[PDB]
Amino acid sequence: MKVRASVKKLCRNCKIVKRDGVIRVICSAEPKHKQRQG
Amino acid sequence: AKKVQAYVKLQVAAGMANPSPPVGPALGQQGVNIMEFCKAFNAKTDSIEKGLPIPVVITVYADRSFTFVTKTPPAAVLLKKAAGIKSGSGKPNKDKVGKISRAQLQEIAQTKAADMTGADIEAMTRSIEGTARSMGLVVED
Amino acid sequence: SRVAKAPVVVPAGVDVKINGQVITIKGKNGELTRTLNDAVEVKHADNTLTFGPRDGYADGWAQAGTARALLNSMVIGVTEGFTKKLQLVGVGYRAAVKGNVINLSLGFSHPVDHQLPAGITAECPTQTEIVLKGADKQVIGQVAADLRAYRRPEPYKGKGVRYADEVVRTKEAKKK
Amino acid sequence: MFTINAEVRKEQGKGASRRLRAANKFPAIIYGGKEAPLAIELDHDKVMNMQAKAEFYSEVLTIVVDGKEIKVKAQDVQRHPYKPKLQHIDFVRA
Amino acid sequence: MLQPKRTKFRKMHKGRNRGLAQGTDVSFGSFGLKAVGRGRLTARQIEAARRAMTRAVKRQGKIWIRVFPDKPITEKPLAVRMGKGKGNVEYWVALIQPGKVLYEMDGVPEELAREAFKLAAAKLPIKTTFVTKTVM
RNA sequence: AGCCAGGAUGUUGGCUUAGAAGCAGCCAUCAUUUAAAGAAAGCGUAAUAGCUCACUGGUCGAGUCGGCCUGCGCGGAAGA
Ligand SMILES: [Mg+2]
Ligand SMILES: [Mg+2]
Ligand SMILES: [Mg+2]
Ligand SMILES: [Mg+2]
C-alpha cells in the first residue's frame, strides 16, 4: 500500500476506515488504492 | 427475442459479396462460412441490388450452416448515394459542411418494412434525420 | 440500532436460556452460547428476543445491534445451519476427508492435513470441492478462510483454493 | 416583510461592541429623518440568513425595537474580513 | 513574474506586517480567492498559483490579481560576515494582511472557479478562502 | 441504504477510420420507443463484447443527505 499524510478516496469504490488509531483507505476494486497513515 | 447465441456485424456493401481484405477470415469462424456468403447471402442480394452496406443475424446452435434472416441498411449509407458526400465529416462543426432537407430522405427512410419505432410515421420519420447530423449537416427541414 | 431495535423470533422448540449476559440457544442442530457486552440488555418474551441499550453505557445501541444480529444467527445455526463451500483450482490440487480431517494436496512438498475444530464437519462432492457445515456462523467462517489460507487465489490464473461465493479477477503479465 | 428584532444599546464604544460580538450579537445603527439616530443590537445568526437573500438589500425592512415598528433600508454593512459574519450595519430610516 | 519596473529606491527596511487588509471585496469579478492568514507572497508564488488557476479553466473567463510585489527582499550569501552593507536584492514579495482578496475571476461556473481557486491555493504559503461577490 | 427488475431507438453512430461497434482517436452532443436508459459510467475482447453502472419500476417503511459557526481531541511525528 501507499502511506502518506494526505490519504484520499481515489475511486468511487474507495472506502475510508479507522482501525486501531489509523486512517486507512480500502478500495474494493484497485489494490493500488490501499493507503495508510492519513 | 430470446437471449445470447450468435450475431455479428462487419461488412462493406451488398456489392461485395463475402470479401477477404476488409474482413475475410472472421466472416465465419464459429459455425459460419467464408464460402457460404453468396448462398443465403445472395438468396436476395442480387435479385434486388448490390450497392448499399447491410449487416445481419447469425443464429447458431449446431446445424451445419446458419439461419440468419436478413434485413435493413443503415441511414448514413443513404448519405452518400441519396443525400450528399461519399465521405462526410471533414471538419464537421467548423462550418455547416454539407446540407440536406425534409424532402431529402423522407421516402428514403419511410421504406424500411422491417425496422423503426412507433406506428406514427411522422415520428420514426425524424428518427433518421440525425444520422445526417452525426456528421454535422444543415437542416432544410 | 435499526438492527438492534428489530426483533428476532425463536421458532419451533428452540430452547432459549438467559443467565445474566449469558445466552444459550439450542435446537434441531446444536447449541451455542455467547456472552453479551454488558451495555447490552436483552429481553426474552413471546417467541421473540429484543435488544436495547443499557442505562449509562455510551455504545449502548451499537453493542445492542451487534448482539442482536449475533443471537439471530446463533438461532439460524441450531436450525438451518450454515454452509461454506470452497473449490480447488489448479492441476494437482485435490482434497478429501478422513474423519474430522481434510487432506489437501496443494502443490507443496508435503500434503496438508487440516484438523477440523469443535463443531464443523465437511465432505467433498468432488476431488476439487470442499463443503463445511455447522451451527456456528463465525467458526465455519474461520475454517473457510483457513482452508483458503493454504493457497489464496493467485491473480494470473486463479489457481488456488477459493470460496464458491468468490470472484477472482485475473490479469495479464507485463509485456516482455 | 423582512422583520428584524432589536433592542437598543445600553452602552457604546469598542470594548462594548466587541463584547457584543463575543456573544453572538452584533451592533448596528439607524439614521436619517429628523429623529436622532438610534443605536441597536441585532442577533447575529438571524440577520445573517436574512441578508443572504439579495432582497434584503433591495427591499424596505421593518425593524422592531421595543414594540415599535421602524421602516428602513439597508444602507451599508461592515463584514468581518475573512469569516462569513457581519461586523456592523447602517440602516436608513425611510 | 511580477515586479516594479522601476523604483524610487533600491532596498527597503525589513518593516513589519501588523494589521488587517485593505481590499476585501470581490470587486471586479464574480469570485475571489481570499487570504485567511498573514504573511508574504513572492512573485513566483503569485505566479505559480496564477498559472494553476488559468490551467484549470483552459482559455475561458477572465482573471484579476489584486496583490503585487513592490517589496524587495535582500539576502547575504554563504561565507559572509555580518555587516559590510545591506544585502543584494534577490526577489520581491507582497505583504499580506488577513482578509486580502488575492485573485478574482469571472466568466466561469461557480463550481469551476472553486476548482481552480483550490488548485492555486496549494501553491500559496498562506491559508485562503473562496469568497463570492456581494451587493453592498 | 440494501435487494428483485429494466437499462432502450436512429445507432454496429457519420468520421484525417488498415479494424472502432460508446472507449487515447473523429466531431458535434442531437435525435426516436418507454417506467426510464448516457453517439455515454467500465474492468476491459480479434470485433461481435460477456458483465455492473448514471437513470427508472417494484419491494421495503421512517427518517435521510452535507455544507455553515464553533469546543476537545487523531494522524502528519526519525538519533545517537
Ligand atoms: Mg493489528
Ligand atoms: Mg481595549
Ligand atoms: Mg432505495
Ligand atoms: Mg495535531
# chains A, B, ... in the order shown; residues from 1 in each chain; ligands from 1
$ select_by_dssp --residues "chain A" --states "strand (DSSP E or B)" --output "VMD selection string"
chain A and resid 2 to 3 16 to 19 22 to 25 35 to 36
$ residues_around --residues "segment 65-77 of chain F" --least-positions-apart "4" --cutoff "10 Å" --atoms "only C-alpha atoms (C1' of nucleotides)" --output "ChimeraX atom specification"
/A:4-6,21-23,36-38 /D:24,45,83-85
$ interface_residues --of "chain D" --to "chain E" --cutoff "10 Å" --atoms "only C-alpha atoms" --output "list in words"
residues 51, 52, 54, 55, 56, 57, 58, 74, 75, 76, 77, 78, 79, 80, 81, 82, 83 and 84 of chain D
$ select_by_dssp --residues "chain D" --states "alpha helix (DSSP H)" --output "number ranges by chain"
D: 14-22, 44-51
$ residues_near_ligand --ligand "ligand 2" --cutoff "12 Å" --atoms "only C-alpha atoms (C1' of nucleotides) and all ligand atoms" --output "compact mmCIF listing (two decimals) with N, CA and C atoms, in the first residue's frame"
# COMPACT_ATOMS: atom_id res chain seq x y z
N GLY D 13 -18.97 52.17 22.32
CA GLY D 13 -17.51 52.15 22.30
C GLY D 13 -17.05 50.79 21.83
N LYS D 14 -15.74 50.51 21.84
CA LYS D 14 -15.29 49.26 21.22
C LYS D 14 -15.31 48.08 22.17
N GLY D 15 -14.92 48.31 23.41
CA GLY D 15 -14.94 47.28 24.42
C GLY D 15 -16.33 46.69 24.47
N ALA D 16 -17.31 47.59 24.39
CA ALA D 16 -18.71 47.20 24.46
C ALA D 16 -19.16 46.47 23.19
N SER D 17 -18.65 46.88 22.02
CA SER D 17 -19.19 46.33 20.76
C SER D 17 -18.49 45.01 20.47
N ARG D 18 -17.25 44.88 20.94
CA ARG D 18 -16.52 43.62 20.90
C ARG D 18 -17.19 42.55 21.75
N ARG D 19 -17.59 42.95 22.96
CA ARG D 19 -18.35 42.07 23.86
C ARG D 19 -19.61 41.62 23.16
$ interface_residues --of "chain F" --to "chain C" --cutoff "12 Å" --atoms "only C-alpha atoms (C1' of nucleotides)" --output "ChimeraX atom specification"
/F:1,43-44,61-63
